[PDB]
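**Student:** Handing you this structure, nothing more for now.
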Amino acid sequence: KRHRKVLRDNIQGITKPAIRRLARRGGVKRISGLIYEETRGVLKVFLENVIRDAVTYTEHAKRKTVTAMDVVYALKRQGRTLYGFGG
Amino acid sequence: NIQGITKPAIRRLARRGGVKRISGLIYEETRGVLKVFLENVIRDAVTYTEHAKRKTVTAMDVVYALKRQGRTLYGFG
Amino acid sequence: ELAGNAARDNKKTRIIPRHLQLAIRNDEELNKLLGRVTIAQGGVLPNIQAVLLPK
Amino acid sequence: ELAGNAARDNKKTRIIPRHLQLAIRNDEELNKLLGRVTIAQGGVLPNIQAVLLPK
Amino acid sequence: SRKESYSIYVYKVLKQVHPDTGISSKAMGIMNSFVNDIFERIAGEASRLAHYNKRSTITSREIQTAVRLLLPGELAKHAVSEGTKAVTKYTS
Amino acid sequence: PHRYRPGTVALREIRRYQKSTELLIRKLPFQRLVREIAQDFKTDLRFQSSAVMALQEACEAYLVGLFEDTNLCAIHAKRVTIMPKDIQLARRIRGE
Amino acid sequence: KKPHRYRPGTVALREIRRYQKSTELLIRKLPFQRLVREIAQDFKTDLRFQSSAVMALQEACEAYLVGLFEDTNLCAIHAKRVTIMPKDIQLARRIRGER
DNA sequence: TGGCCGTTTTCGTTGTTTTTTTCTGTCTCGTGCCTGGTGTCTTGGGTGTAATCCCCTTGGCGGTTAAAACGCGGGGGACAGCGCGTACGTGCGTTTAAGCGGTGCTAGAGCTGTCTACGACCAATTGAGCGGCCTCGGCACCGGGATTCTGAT
DNA sequence: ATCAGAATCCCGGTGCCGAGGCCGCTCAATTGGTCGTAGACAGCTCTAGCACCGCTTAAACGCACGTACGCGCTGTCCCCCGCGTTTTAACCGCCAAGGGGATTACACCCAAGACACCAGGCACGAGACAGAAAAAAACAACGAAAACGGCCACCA
């Protein structure tokens with residue numbers, strides 16, 4: 001009965017150097033200034049779809065805690081099977 | 001027999017795809033791609049035929065093969 | 001519903017496969033649902049990239 | 001088998017997920033079979049496009 | 001709280017192929033995920049095969065055909081060889 | 001004599017072939033190719049007619065989609081002519 | 001004497017090698033968690049999350065983005081450029097079939 | 001001989017790799033146990049097999065015509081080179097919050113017991129849906145005039 | 001702007017064949033009843049998710065600065081389009097055969113179900129060593145700069 005500070009503008013936590021590092025893993029050598037906002041949008045869309053499905057599973061089980069298995073099933077049914085989080 | 005897929009036919013297909021100008025080397029490349037695609041589908045199709053211990057490939061065999069590669073086809077059920 | 005509309009635009013009284021393909025591809029949510037479905041004798045949507053037109 | 005080979009190439013005696021990812025991506029048929037699978041803590045194969053290296 | 005996994009069998013196979021090699025807990029978990037994944041794919045494909053031909057029993061024949069559908073080329077041939085040899089040795 | 005400029009007839013053909021739906025490859029050579037390829041897996045196979053028509057619908061739809069993506073790749077590089085490297089890029093990104 | 005200063009690109013390449021050699025997650029844990037909770041709140045209020053669920057989500061997100069950047073880089077190189085731009089991302093996602 | 005450019009080397013450095021030392025936790029082995037896997041017997045129905053039939057696939061003949069193949073002129077598009085400017089890479093000082101460690105607490109995950117509503121199953125019923133037959137109108141193809149549109153002038 | 005020619009649109013006519021309707025029938029959906037069981041609900045435990053505080057420090061951030069890259073422009077040339085002509089084989093129709101797919105009937109063996117049992121596999125504990133971390137170090141690389149070498153200009 002002591003809830004956290006209302007979440008706002010959290011998209012800004014995806015920092016410029018973090019996206020740069022991810023791009024480095026992808027082999028990108030030079031990065032236009034406009035890339036960052038685009039990346040943020042894409043990421044947000046992806047996340048929305050995943051979290052939507054996960055929460056749907058959570059509600060079907062009449063639980064209030066999203067579990068790792070919920071996420072694994074959501075990802076699996078979108079053709080992005082994830083290994084390592086079973087059991 | 002690969003040459004029966006003629007140059008003007010591929011041109012017509014490209015027209016449906018919206019292509020306005022076509023390099024001369026495209027045609028041979030396209031043929032190769034087509035061959036690969038066909039092989040895969042047919043490989044699966046004949047497998048279904050063989051599982052049923054039949055000698056005639058049916059339309060349903062093809063539909064199932066296509067479905068399991070994620071290219072669902074409507075109209076032949 | 002959508003296929004009937006497309007048929008009426010084409011001044012045809014019978015829905016044919018062409019009208020079904022037009023109906024499905026012109027509706028964002030149906031197109032999403034049937035993104036990986038091929039309608040035999042459906043053709044494609046009329047669509048020319050702007051850069052290809054003259055001037 | 002492939003993961004053990006990779007482990008010895010890296011002079012490690014215990015197979016870890018990195019070795020599994022390396023093993024999977026370096027074998028064409030396994031890579032085909034697991035084309036849509038993410039190996040947690042796997043990383044990617046070292047790979048730099050030739051055009052990016054200096055002349 | 002009893003949770004089954006393939007861990008002990010994975011470990012025995014590992015000792016067959018690399019006597020002096022170990023494995024981390026995470027990797028064993030990944031192996032369990034892998035085994036379950038391939039299991040589900042094969043069983044599901046076999047179910048579809050049985051359904052298409054109006055047979056109510058899944059036999060080793062359905063398993064073999066499913067194996068040919070899912071695995072590419074030489075991997076498929078080798079797996080089929082192993083399965084056939086295993087079934088024939090078992091039958092005697 | 002009258003002569004249309006390069007591209008006008010191409011555009012006319014684009015409109016023509018996007019308006020209609022008839023199959024664009026000749027039936028018989030396509031069938032011959034199918035039988036030849038089939039022959040390398042199992043001898044003496046026959047085919048139902050509707051199976052071959054289904055295969056033809058699938059092949060042409062697949063190729064049409066590939067050409068749309070190829071065209072987008074060509075235009076991206078500020079060209080208007082599609083080239084083999086465009087096809088290879090499209091196929092790599094699709095994951096084949 | 002002049003301070004030592006590598007030419008543009010050297011350090012980028014060294015970073016590519018560095019980050020392709022290792023496997024640790026590259027986004028900060030807590031801001032990512034806050035992002036997830038904010039997005040989740042717009043479907044149902046007061047949800048809680050298991051820790052391993054968030055870690056799984058993070059693995060999925062970063063793997064997805066890494067793949068997107070590989071394809072983006074290939075699209076950029078195709079146009080004889082070396083700098084990736086928004087139109088490259090949009091082409092990559094159009095060809096994948098997400099849009 | 002003077003100048004300029006290519007190169008080589010050299011020295012500084014610095015970030016990466018390699019070698020050594022402490023630890024530790026994470027992994028390999030032992031133990032006890034119990035329940036899930038194995039042996040046995042039973043039935044029955046699903047699958048294998050045999051005969052038949054017919055329909056529907058393959059092969060051939062012929063024509064004929066539309067489409068494929070080929071030649072050629074040209075134009076416009078691919079492509080290479082060049083200049084520039086600006087956006088982006090690199091480095092440095094600052095700061096902010098990420099992370100870790102501790103402490104609290106309570107919602108809800110998780111397990112158990114009970115029981116009632118509900119679904120499997122079964123017999124009788126019947127009417128909805130399917131196979132078959134018939135017909136007419138929407139559509140398609142033909143032809144001909146009207147209108148549009150494109151390119152050279 | 002013009003105009004000619006090619007293409008398209010429209011309007012009407014004829015036909016034709018597939019859509020729509022009708023009728024017999026049959027079996028699949030319906031109803032009523034029975035019985036086992038599964039999941040709905042209550043209730044209890046205790047895990048772990050959340051909240052907070054404090055300290056640290058590494059990452060983020062803003063800015064200065066220099067330059068490599070995107071982009072626009074220009075010239076060139078090549079190869080694809082468009083159009084006319086020749087050829088060929090796709091297509092349509094028509095027929096023949098046989099083979100294989102569908103059907104029905106019979107049989108039997110193989111698997112579900114039940115029971116009885118027991119050993120392998122699975123929590124818990126322990127110890128010990130591979131690897132993580134830290135540190136030193138080697139060291140390989142990058143690249144400024146400079147030192148050398150080589151190349152050219154003039155005319156002698």
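Following the order of the structure tokens, chains are lettered A, B, ..., residues in each are numbered from 1, and ligands are numbered from 1.
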Once chain C is fitted onto chain D by least squares over all its in-order Cα atoms, send the moved chain as a tab-separated table (two decimals) with C-alpha atoms, in the first residue's frame.

**Tutor:**
```tsv
chain	number	residue	atom	x	y	z
C	1	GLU	CA	29.81	-33.10	-30.59
C	2	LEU	CA	30.05	-29.72	-32.27
C	3	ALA	CA	29.79	-27.82	-28.99
C	4	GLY	CA	32.61	-29.89	-27.52
C	5	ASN	CA	34.75	-29.10	-30.54
C	6	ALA	CA	34.05	-25.40	-30.11
C	7	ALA	CA	34.89	-25.67	-26.41
C	8	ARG	CA	38.21	-27.31	-27.22
C	9	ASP	CA	39.08	-24.56	-29.69
C	10	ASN	CA	38.44	-22.09	-26.87
C	11	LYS	CA	40.61	-24.13	-24.47
C	12	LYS	CA	37.69	-24.51	-22.06
C	13	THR	CA	36.78	-27.82	-20.46
C	14	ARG	CA	33.11	-26.97	-19.84
C	15	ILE	CA	30.62	-26.24	-22.59
C	16	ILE	CA	28.87	-22.93	-21.95
C	17	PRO	CA	26.00	-21.29	-23.90
C	18	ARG	CA	28.46	-19.33	-26.02
C	19	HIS	CA	29.88	-22.59	-27.34
C	20	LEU	CA	26.39	-23.84	-28.16
C	21	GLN	CA	25.59	-20.74	-30.18
C	22	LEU	CA	28.90	-20.95	-32.02
C	23	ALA	CA	28.35	-24.65	-32.73
C	24	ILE	CA	24.82	-24.15	-34.07
C	25	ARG	CA	25.46	-21.11	-36.25
C	26	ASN	CA	28.59	-22.64	-37.80
C	27	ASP	CA	26.71	-25.74	-39.05
C	28	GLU	CA	24.56	-25.16	-42.11
C	29	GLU	CA	22.00	-27.85	-41.40
C	30	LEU	CA	21.71	-27.17	-37.70
C	31	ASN	CA	21.54	-23.44	-38.41
C	32	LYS	CA	18.73	-24.15	-40.84
C	33	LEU	CA	16.93	-26.28	-38.26
C	34	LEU	CA	17.30	-23.61	-35.58
C	35	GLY	CA	17.00	-20.61	-37.85
C	36	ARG	CA	14.32	-19.04	-35.68
C	37	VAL	CA	15.70	-19.93	-32.25
C	38	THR	CA	17.36	-17.50	-29.85
C	39	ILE	CA	20.02	-18.89	-27.52
C	40	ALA	CA	20.12	-16.72	-24.41
C	41	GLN	CA	23.65	-15.47	-23.70
C	42	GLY	CA	24.67	-16.87	-27.08
C	43	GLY	CA	25.85	-13.70	-28.73
C	44	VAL	CA	26.53	-13.76	-32.46
C	45	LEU	CA	29.17	-15.12	-34.79
C	46	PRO	CA	32.21	-12.88	-35.31
C	47	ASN	CA	31.53	-11.26	-38.66
C	48	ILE	CA	32.58	-7.94	-40.22
C	49	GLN	CA	31.54	-6.97	-43.74
C	50	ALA	CA	34.58	-6.68	-46.01
C	51	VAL	CA	33.62	-3.19	-47.22
C	52	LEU	CA	34.03	-1.85	-43.68
C	53	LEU	CA	37.70	-2.67	-43.39
C	54	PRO	CA	40.20	0.05	-44.35
C	55	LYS	CA	41.89	0.08	-47.74
```

**Student:** Could you give me, as a PyMOL selection string, the residues within 12 Å of residue 75 (chain I), counting only C-alpha atoms (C1' of nucleotides) and dropping anything in the same chain fewer than 4 positions from it?

**Tutor:** chain H and resi 79-81

**Student:** Would you mind exporting the chosen residues as a PDB file, in the first residue's frame, restricted to C-alpha atoms (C1' of nucleotides)?

**Tutor:**
```
ATOM      1  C1'  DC H  79      28.163   4.574 -63.202  1.00  0.00           C
ATOM      2  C1'  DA H  80      32.605   6.995 -62.269  1.00  0.00           C
ATOM      3  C1'  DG H  81      34.743  11.256 -60.857  1.00  0.00           C
TER       4       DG H  81
END
```

**Student:** Show me, as a PyMOL selection string, the residues of chain F whose atoms get within 9 Å of chain H, using only C-alpha atoms (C1' of nucleotides) for the distance check.

**Tutor:** chain F and resi 2-6+46-49+79-81

**Student:** Mind the document's chain letters and residue numbers, and return as a PyMOL selection string the residues of chain B that DSSP labels alpha helix (DSSP H).

**Tutor:** chain B and resi 7-16+26-51+59-68

**Student:** Figure out the distance between CA of residue 65 (chain E) and CA of residue 86 (chain A), please, to one decimal in Å.

**Tutor:** 28.6 Å

**Student:** Chain E residues within 10 Å of chain B, counting only C-alpha atoms: which ones, as a list in words?

**Tutor:**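 For chain E, the answer reads residues 45, 48, 49, 50, 52, 53, 61, 62, 64, 65, 66, 68, 69 and 70 of chain E.
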
**Student:** Got a sec: who's within 12 Å of residue 18 (chain H), counting only C-alpha atoms (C1' of nucleotides), leaving out chain neighbours fewer than 4 positions off, as a PyMOL selection string?

**Tutor:** chain I and resi 135-139

**Student:** Could you write out as a list in words the residues of chain I within 10 Å of chain B, counting only C-alpha atoms (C1' of nucleotides)?

**Tutor:**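 The contacting residues on chain I are residues 79, 80, 81, 100 and 101 of chain I.
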
**Student:** When distances are computed from only C-alpha atoms (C1' of nucleotides), which of H:61, H:68, H:7, H:32 shows the smallest separation from residue 5 (chain B)?

**Tutor:**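 Closest to residue 5 (chain B), using only C-alpha atoms (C1' of nucleotides): H:68.
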